[PDB]
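Heads up, the thing below is written out as C-alpha cells.
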Amino acid sequence: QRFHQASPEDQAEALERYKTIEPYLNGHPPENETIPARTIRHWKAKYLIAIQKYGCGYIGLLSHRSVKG
DNA sequence: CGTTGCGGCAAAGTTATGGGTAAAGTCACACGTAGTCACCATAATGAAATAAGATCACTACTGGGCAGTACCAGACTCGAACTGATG
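Counting in PDB author numbering, the first sequence tops out at residue 415, every number present.
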C-alpha cells in the first residue's frame with residue numbers, strides 16, 4: 347500500500363536514495379560523496395528497519411509528498 | 001585515550017494548500033431566436049339508412065235476421081129485433 351501511495355517523482359527520489367546507499371551496503375563506500383553522513387545513516391537505518399519489520403527494505407525509502415500541505 | 005561509525009534532537013529545507021492583490025487576458029456590443037410540420041384520439045354533425053311499422057287492395061269463409069204470411073180463437077161493441085110497463 348505504501349508503494350501504491352508513491353508518485354513517479356517520489357519513486358525517482360527513492361531510486362536516488364537507493365543509489366546513494368548501495369555502495370554503503372557492499373563494503374565498498376565511495377571516496378567522493380556529496381550527500382552528508384547523517385542522511386546516509388538515516389537512509390541505511392530505515393532500510394534495515396524496513397527489511398526487519400516489513401519484509402523488503404526499499405519500501406522504507408518512500409517519501410509520499412502528497413500528505414504534506 | 002584517541003578514533004570511527006551510529007543514532008537522538010531540533011532547527012532548516014522542501015512540497016503542498018487555501019487566501020489576497022494588481023494585471024494581463026477574454027470576449028460581446030455590434031437588428032434579431034423562437035418557429036413549424038407531424039401526429040392520432042374524441043366530439044359532432046349531417047347524411048345514409050334502417051327495420052320495423054302502417055295502410056291499401058284483394059280473396060276466401062262463415063254467422064245469421066227482416067219484411068211478410070198465417071191461424072185460432074177470446075172478447076168487447078152494437079144493428080136489428082123482442083117484449084114488458086105505462087100514462
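Positions of the beta carbon are idealized from the N, C-alpha and C atoms, including for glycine.
Query                                                                                            : Result
Contact under 8 Å by Cβ, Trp389 with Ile367                                                      : yes
Length-filtered (3 minimum) beta strand (DSSP E) runs lying within the segment 350 to 411        : none
Member of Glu362, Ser409 and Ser353 whose CA lies at the smallest distance from the CA of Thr380 : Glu362
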